[PDB]
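> Before anything else, here's the structure in question.
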Amino acid sequence: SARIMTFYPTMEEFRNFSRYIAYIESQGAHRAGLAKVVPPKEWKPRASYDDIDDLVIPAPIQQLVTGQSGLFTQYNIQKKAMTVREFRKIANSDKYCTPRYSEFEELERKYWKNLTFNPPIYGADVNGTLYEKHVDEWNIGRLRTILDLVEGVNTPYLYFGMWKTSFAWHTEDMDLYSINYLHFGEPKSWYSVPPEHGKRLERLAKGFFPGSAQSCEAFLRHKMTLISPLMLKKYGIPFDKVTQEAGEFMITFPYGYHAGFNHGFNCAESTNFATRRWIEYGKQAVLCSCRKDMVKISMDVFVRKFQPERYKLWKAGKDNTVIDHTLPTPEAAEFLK
Ligand SMILES: CCN(/C=C/N(C)C)C(=O)CNCc1cc(C(=O)O)ccn1
Ligand SMILES: [Mn+2]
Ligand code: NI
Ligand code: NI
Ligand code: NI
Ligand SMILES: [Zn+2]
C-alpha cells in the first residue's frame with residue numbers, strides 16, 4: 012500500500028523540480044519513503060562522460076564488514092587518493108568485478124552471502140557535479156529549495180561505486196529529502212522502510228545493537244548498520260525493493276530509512292533538499308549525540324518564516340505537533356482540488 016512508485020514526467024512536467032515533487036506527494040509517493048523518477052528520453056545532464064578520467068577521488072573508503080545472520084557493521088578505512096581512471100581499472104578487474112547473474116534475486120543473494128569478503132573500495136562523498144553548467148532541469152548542484160535558507172547540505176556529492184559497495188540503513192541528516200541521479204554504469208539497488216514504520220526499524224536495530232544504542236541516541240546516522248531483507252521479513256518490518264538504472268532519479272523522503280548496494284562500476288550524484296513539510300521533521304529529528312562533527316541545522320529561521328504563529332511556543336518547548344507521515348506537503352494542495 013506504501014509501495015515504491017515510479018514516475019514518467021513529460022519534459023513540460025519535468026522542468027519545475029519543486030512542483031513535481033509536490034505532484035508525486037499528491038500521488039502518495041512519500042509514503043514508501045522512496046520513489047523513482049524516470050526523466051524524458053531527450054534529456055541528458057551531460058553530453059559525454061569521456062572527459063572525467065582525471066577527476067580525483069581524494070578519500071576512497073574500503074568497506075570492511077563484520078557480522079552474521081543478516082546483521083552487520085560496516086567500517087571505513089580511508090585509502091590514498093586516486094583518479095576515476097585508477098578506480099575504474101580496479102572496479103573492473105577480475106578481483107572486484109560483478110559476478111555472473113541472470114535475475115536480480117541471484118545478485119542480491121550473492122551480495123548478502125559475500126558482503127564480508129573481499130572488501131571493496133567506494134569513491135563516496137566526493138564534492139562535485141557532473142551536470143554541465145547550463146542544465147536547468149533537476150540540477151542537483153542548485154535546486155534552490157527552501158533548504159537554501161540555511170560545500171554543504173545543499174551542495175552536490177558524487178559516488179563512484181563498484182560491485183558490492185554499500186550504503187547502510189539511515190535517514191538523511193535532519194531527516195531531509197534527498198535526490199540521487201545515477202549518471203552512468205551498472206545499477207544501484209535500494210531498500211526502503213515507509214516513514215510510518217521507521218521507529219519499528221529503530222526498535223529492532225536498538226535490540227540488536229544495544230551497546231551502540233546506549234552510546235548514541237541515533238547511532239544509525241553513523242551509517243554503519245547493515246540489515247538484510249530476510250531479517251526485516253523475520254521481524255515483520257515492512258519494506259520494499261527497487262533497482263535504479265543509469266539515467267534514473269531516486270527521491271528519498273523525510274524520515275524514510277533506506278539502504279542498498281551497487282552492482283558494479285557506476286557514478287551517482289546526490290544532495291539534500293527541503294519542502295515546507297520537512298520543517299516539522301527537522302524540528303523533531305533525533306540527532307547523533309556522540310560525535311561533535313555531525314550535521315545540525317538551526318531550525319529557527321524556518322520556524323520564524325513559515326511557522327511564525329508557533330515560534331514562541333516552539334522556543335518554550337511546548338510545540339507538541341504530531342507528525343502524520345501520510346500527509347502530502349502543502350504545496351501539493353493544487354493537485355488535490
Ligand atoms: C545527500 C548526499 N549525502 C551526503 C551527506 N554528507 C555529505 C555525507 C548522503 O549522505 C545521502 N545519504 C547516503 C546515501 C548514500 C548512497 C550511496 O552511496 O549511493 C545512497 C543513498 N544515501
Ligand atoms: Mn541517503
Ligand atoms: Ni566513463
Ligand atoms: Ni592505500
Ligand atoms: Ni553492540
Ligand atoms: Zn552518534
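What the sequence shown shows, in the deposited numbering, is residues 12 to 161, 170 to 356, in sequence order. Even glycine gets a Cβ: it sits at the ideal position worked out from N, Cα and C.
Any chance the CB of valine 95 is under 8 Å from a heavy atom of ligand 3?
Because some heavy atom of ligand 3 lies under 8 Å away, the Cβ of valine 95 counts as near it: yes.
> How about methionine 250 and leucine 118: do their beta carbons lie closer than 9 Å?
Result no, Cβ atoms of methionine 250 and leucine 118 do not sit closer than 9 Å.
> Going along the chain, which unbroken runs of the alpha helix (DSSP H) with 4 or more residues stay wholly within the stretch 16–75?
Runs of the alpha helix (DSSP H) inside the stretch 16–75: 22–25 and 28–37.
> Regarding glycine 180 and ligand 1, is the C-beta to nearest heavy atom distance less than 8 Å?
For ligand 1, at least one heavy atom lies less than 8 Å from the Cβ of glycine 180.
> Counting by C-beta, which residues lie closer than 7 Å to a heavy atom of ligand 4, in chain order?
Listed along the chain, these residues meet the criterion: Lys90 and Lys91.
> Using CA atoms only, rank isn't needed, just tell me which of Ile63, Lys315 and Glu114 is closest to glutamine 303.
Per the Cα distances, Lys315.
> Drop a sphere of 10 angstroms on the beta-carbon of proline 110, count the other beta-carbons inside from all chains shown, and report buried for 16 or more, exposed for fewer.
By the 10 Å Cβ count, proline 110 comes out exposed.
> Let me confirm a value: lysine 337 is counted as buried when at least 16 other C-beta atoms fall within 10 Å, else exposed. Which label applies?
Per the 10 Å Cβ criterion, exposed.
> Would you kindly report the start and end of the unbroken alpha helix (DSSP H) that includes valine 322?
Looking at the DSSP string, the run of the alpha helix (DSSP H) that includes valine 322 is 319–325.
> Only counting the same chain, and skipping five residues up and downstream in sequence, which positions put a Cβ closer than 6 Å to that of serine 231?
Closer than 6 Å at the Cβ level, and outside the excluded window around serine 231, lie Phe238.
> Alpha helix (DSSP H) containing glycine 301: first to last residue?
Taken as a continuous stretch (DSSP letters only), the alpha helix (DSSP H) holding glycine 301 covers 297–303.
> What's the gap between the Cα of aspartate 312 and the Cα of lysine 356?
If I take the Cα positions, the gap works out to 44 Å.
> When you measure from the CB of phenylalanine 186 to every non-hydrogen atom of ligand 2, does any distance come out below 8 Å?
Yes, Cβ of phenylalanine 186 sits closer than 8 Å to a heavy atom of ligand 2.
> Within the structure, which residues are defined as neighbours of ligand 5 by a Cβ-heavy atom distance below 6 Å, reported in chain order?
Any residue whose Cβ sits closer than 6 Å to a heavy atom of ligand 5 makes the list: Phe228, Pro229, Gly230 and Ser231.
> By DSSP, does residue 165 sit in helix, in strand, or in coil?
In the model shown, the chain runs from 161 to 170 with nothing in between, leaving residue 165 without coordinates.
> Check the C-beta distance from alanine 293 over to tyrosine 196 and give it rounded, since I have them as a contact under 8 Å.
6 Å between Cβ atoms; contact.
> Keeping to the same chain, check which residues put their C-beta closer than 6 Å to that of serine 247; ignore five residues upstream and five downstream.
Here the set comprises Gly81 and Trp123.
> Quick one: grab the DSSP three-state call for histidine 344.
Looking at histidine 344 - three-state DSSP - the assignment turns out to be coil, as it is neither helix nor strand.
> So which of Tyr300, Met193, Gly275 and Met181 has the shortest CA-CA distance to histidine 216?
Answer by Cα proximity: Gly275.
> Could you pull the DSSP bridge partners for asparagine 87 from this structure?
Its beta-bridge partners are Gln74.
> Provide the residue span of the alpha helix (DSSP H) that contains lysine 144, from first to last.
Neither: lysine 144 is in no alpha helix (DSSP H) and is coded neither H nor E.
> State the beta-bridge partners of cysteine 286 as determined by DSSP.
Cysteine 286 is bridged to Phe179 and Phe203.
> Should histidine 282 be counted as a contact of ligand 8 given a C-beta to heavy atom distance under 8 Å?
Within the structure as shown, ligand 8 is missing, the only ligands being ligand 1, ligand 2, ligand 3, ligand 4, ligand 5 and ligand 6.
> My assumption, with CB atoms under 8 Å, is that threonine 127 sits in contact with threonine 184. Please give the rounded CB distance.
Not quite, the Cβ-Cβ distance comes to about 14 Å (not below 8 Å), so this is no contact.
> Determine whether the beta carbon atoms of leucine 245 and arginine 296 lie at a separation below 9 Å.
The answer is no: Cβ separation not under 9 Å.
> Taking the alpha helix (DSSP H) that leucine 118 falls in, what are its first and last residues?
115–125 is the span of the alpha helix (DSSP H), which, as asked, contains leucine 118.
> Is it buried or exposed for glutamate 170, if we count other Cβ within 10 angstroms and need 16 for buried?
When all chains shown are included, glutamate 170 counts as exposed.
> Going by Cα to Cα distance, which pick from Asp319, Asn291 and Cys307 is closest to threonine 156?
Checked all of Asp319, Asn291 and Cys307; the closest Cα to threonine 156 is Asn291.
> In terms of residues, what are the limits of the beta strand (DSSP E) holding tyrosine 133?
Per DSSP, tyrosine 133 belongs to the beta strand (DSSP E) from 132–138.
> Looking only at C-alpha atoms, which of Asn27, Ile63 and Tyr34 sits nearest to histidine 202?
Comparing Cα-Cα distances from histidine 202 to each of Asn27, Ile63 and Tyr34, the minimum goes to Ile63.
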